[PDB]
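Here, each number is a calculation from the coordinates, and none is a lab measurement. In this analysis, Cβ positions are derived from the backbone assuming ideal geometry, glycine residues included, and neighbour counts consider all displayed protein chains.
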Number of protein chains: 2
Amino acid sequence: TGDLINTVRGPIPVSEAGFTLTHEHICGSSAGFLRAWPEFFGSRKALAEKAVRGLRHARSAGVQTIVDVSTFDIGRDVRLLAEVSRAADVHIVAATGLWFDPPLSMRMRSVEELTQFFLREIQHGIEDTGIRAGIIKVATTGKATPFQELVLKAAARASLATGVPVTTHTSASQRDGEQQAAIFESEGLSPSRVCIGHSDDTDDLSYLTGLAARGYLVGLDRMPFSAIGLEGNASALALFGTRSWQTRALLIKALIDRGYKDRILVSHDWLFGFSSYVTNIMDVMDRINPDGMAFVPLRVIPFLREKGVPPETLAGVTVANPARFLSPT
Amino acid sequence: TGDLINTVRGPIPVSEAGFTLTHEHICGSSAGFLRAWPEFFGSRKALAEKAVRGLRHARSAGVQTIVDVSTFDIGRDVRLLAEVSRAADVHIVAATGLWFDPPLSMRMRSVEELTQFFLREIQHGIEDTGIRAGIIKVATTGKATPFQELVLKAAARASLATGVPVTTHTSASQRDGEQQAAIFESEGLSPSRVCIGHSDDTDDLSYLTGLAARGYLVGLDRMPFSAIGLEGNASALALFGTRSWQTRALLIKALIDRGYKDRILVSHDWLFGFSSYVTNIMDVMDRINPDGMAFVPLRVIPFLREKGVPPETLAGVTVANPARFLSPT
Ligand SMILES: [Co+2]
Ligand SMILES: [Co+2]
Ligand SMILES: [Co+2]
Ligand SMILES: [Co+2]
């Protein structure tokens, strides 16, 4: 009791986070896009209603909290998050940071300037809303660009000043986590404040256990993503991969079997609208996974239980790990 | 009489546009940036007050209308435009289109989809404001990227459907106007609906008269830009160039002397905030040109008169040409 996390509806006790999905999105978009072209998603109203239905379904499956890791450049709309959070009765933690699509007004900034931006969103509020970010999202896609080095350093500095955790996008197959870890540590950030995400996009357990041994959280956060059965759809193939959800889920068991149960975070990287990729990618995704953000509790957790993972361990991963991670420290 | 142009304060008669600067900005930024980080500009209030002072000064010098060619990806804020337009009593024509910093949500779009977006902003309104664009801004920086080819085609289609003109950013030294012209003509767009901009960034009159002979408007729109005296400032050097304003202004006379007075549009490409480049570039610019958007009427027009250009010709360039260009056709 006593520790607090900021959500889009205000502060909540850490102990009320409960079953938490730590890498999710209401909408994958771009800054200003939902405002300028809402008809892309049918309408803003259609998008919100779809998100409320999806979050209610996740709620019914036992999900109490999601962390929406949409940054500024993912077109995070904190009013949308608040509306759908309220309607579905699911907590949503908003993010600051920058993903891999920053515009020039961000790309021209120094580490100091980026630190001030991230601190604004954490300490003051996002835009004019007073809604505070509870996490900092960063990204590389292979070796960090010079700008990305600054973003990661600014993320570490903002984390150190606020206790708010950092979570990352990687190209898992390129083992980005190792360089991200080196940059974060160069700023004196504790590995326990860091989740190396999209880590289930690889089966390289040497890479994954290397990180977990150093105290990093390992985000196995793309559980439902697979283009098996869709190999003729080139865009779906490129984004989803050819590994099954069971193959992804097996990595959760693999880490637990190797002593790293306390270092795992599990999620879907799901969304209810998606404008930053090919048109109608949302229809493809909805066909593959109509369960949306209930997929983890309905499919993954029972798979693991049937493979012999004890319920206390499963509770530790889905409840205790996100609580420790999100609790500002 | 009778013909109308849309401004941020609503429709105005074409004949009331008067002395018009056809390539200008209130603020050079990025989508969502002013909303998320207004302190970058001191505050939104500081930015608006600065813009009102600048536009009042341009007004006192005889400027009646500016065309703000800020697109979505330049972080156009149509409420800001309306506020400052109203306070300074200067008409402002807003833009649709895309510049050279589109986010992924735009970059993944087809020509058809981009056409619908541009048509929304022209025919329905920008965001939820009902403010309609009166011009379509596009950009290349050398040879068009595949995406830029789509943007230019979508611009032509939107122009053909609405009569609204198209205006371009070029890398003038690379003669981008020739390819832009070829793409526009491939869509059956009339050259009289097109301004090839930043054309005063080059002294290649073979290139410029080539375009003017085909019926294109030639935008000599960076009049005050020079890093002469600043050669030690690398960023200012790269963006401003080493040619004097008088050298730029001489191109207006050169085109008039070659029979092309009706094909010239003159502007500054000025702004009152600038986040898409190096920090404090606005301070450098304000030192070079404290006259801001009054520079053309105070310095350029008298220079031309003293070089023998008749007042009727100068009136034709600054009043009749923008009227014909902006009048939907
Ligand atoms: Co990602
Ligand atoms: Co994501
Ligand atoms: Co330009
Ligand atoms: Co411009």
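For the stretch A:256-319, the convex hull drawn through the C-alpha positions has a volume of 110 cubic angstrom per residue.
Relative to its residue count, the stretch B:172-246 spans a Cα convex hull of 87 Å³ per residue.
Classify the stretch B:70-190 from the C-alpha gyration tensor, please: rounded if a/c falls under 1.5, else prolate or oblate depending on whether a/b exceeds b/c. Prolate.
Taking the alpha-carbon centroid of each part, what is the distance from the stretch B:20-48 to the stretch B:125-185 in angstrom? Rounded to whole Å, the Cα centres lie 22 Å apart. Note on A:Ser173 and A:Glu113: with the Förster distance fixed at 25 Å, the Cβ-Cβ geometry gives a FRET efficiency of about 0.20. Does the stretch A:10-147 classify as rounded, prolate or oblate by the C-alpha gyration tensor (a ≥ b ≥ c root eigenvalues; a/c under 1.5 gives rounded; else a/b over b/c gives prolate, otherwise oblate)? Prolate. Annotation for A:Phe303 and A:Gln123: the two label points, set 7 Å from Cα along the Cα-Cβ direction, are 4.3 nm apart.
Need one number: the % of Cα-Cα pairs in the stretch B:40-116 sitting beyond the 22 Å mark. Looking at the stretch B:40-116, the distances longer than 22 Å represent 36 percent of pairs. For B:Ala87, the distances from its label point to the matching points in the remaining copies are 3.6 nm, ordered from shortest, with each point set 7 Å beyond Cα toward Cβ. Chain A gives an Rg/Rh value of 0.93, both radii derived from C-alpha positions and Rh following Kirkwood. If both residues of a DSSP beta bridge must be in chain B, then about 20% of such bridges are antiparallel. Hydrodynamic estimate: the Kirkwood radius of the stretch A:171-329 over Cα pairs, inserted into Stokes-Einstein at 37 °C and 0.692 mPa s, corresponds to D of 200 µm²/s.
Do the sum for chain B: with -39,500 (n - 2.57) for every DSSP H run of n ≥ 4, divided by all residues, what is the mean residue ellipticity at 222 nm, to the nearest 500 deg cm²/dmol?
Counting only the DSSP helices, I get -11000 deg cm²/dmol.
By its C-alpha gyration tensor, with a ≥ b ≥ c as the square roots of the eigenvalues, how is the protein assembly as shown shaped: rounded for a/c under 1.5, else prolate for a/b larger than b/c, else oblate? Because a/c hits 1.5 or more and a/b exceeds b/c, the protein assembly as shown counts as prolate. Applying 0.36 nm per residue to the separation of B:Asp89 and B:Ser190 and subtracting their alpha-carbon distance, the gain on full extension is 33.1 nm. Inter-copy label distances at B:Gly163, using a point 7 Å along Cα-to-Cβ, come to 6.4 nm with the shortest given first. Here the gap between A:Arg214 and A:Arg287, fully extended at 0.36 nm per residue and compared with their Cα-Cα distance, gives a gain of 22.4 nm.
With the cut-off at under 13 Å, measuring from each backbone N in the stretch A:237-255 to a point 7 Å along the Cα-to-Cβ line of A:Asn280 picks out no residue. Quick one: of A:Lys50/A:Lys137; A:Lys45/B:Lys137; A:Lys137/A:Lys261, which pairs are farther than 28 Å apart, Cα to Cα? In this structure, A:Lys45/B:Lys137 exceed 28 Å between Cα atoms. Each semi-axis of the equivalent ellipsoid for the stretch B:8-65 is √(5λ) with λ an eigenvalue of the Cα gyration tensor; in descending order they amount to 26, 14, 10 Å.
Treating r as the C-beta distance of B:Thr145 and B:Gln246 and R0 as 41 Å, the FRET efficiency rounds to 0.75.
Mean 1/r over all different Cα pairs, inverted: what Kirkwood radius does the stretch A:110-151 give, in Å?
Taking the inverse mean of 1/r over all distinct Cα pairs, the stretch A:110-151 comes out at 11.4 Å.
Assuming charge only on the beta carbon of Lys and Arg (+1) and of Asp and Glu (-1), the dipole of chain B about its Cα centre is about 320 debye to the nearest 20.
What separates the B:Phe147 label point from its copies, with the point 7 Å along Cα to Cβ, is 1.1 nm, written shortest first.
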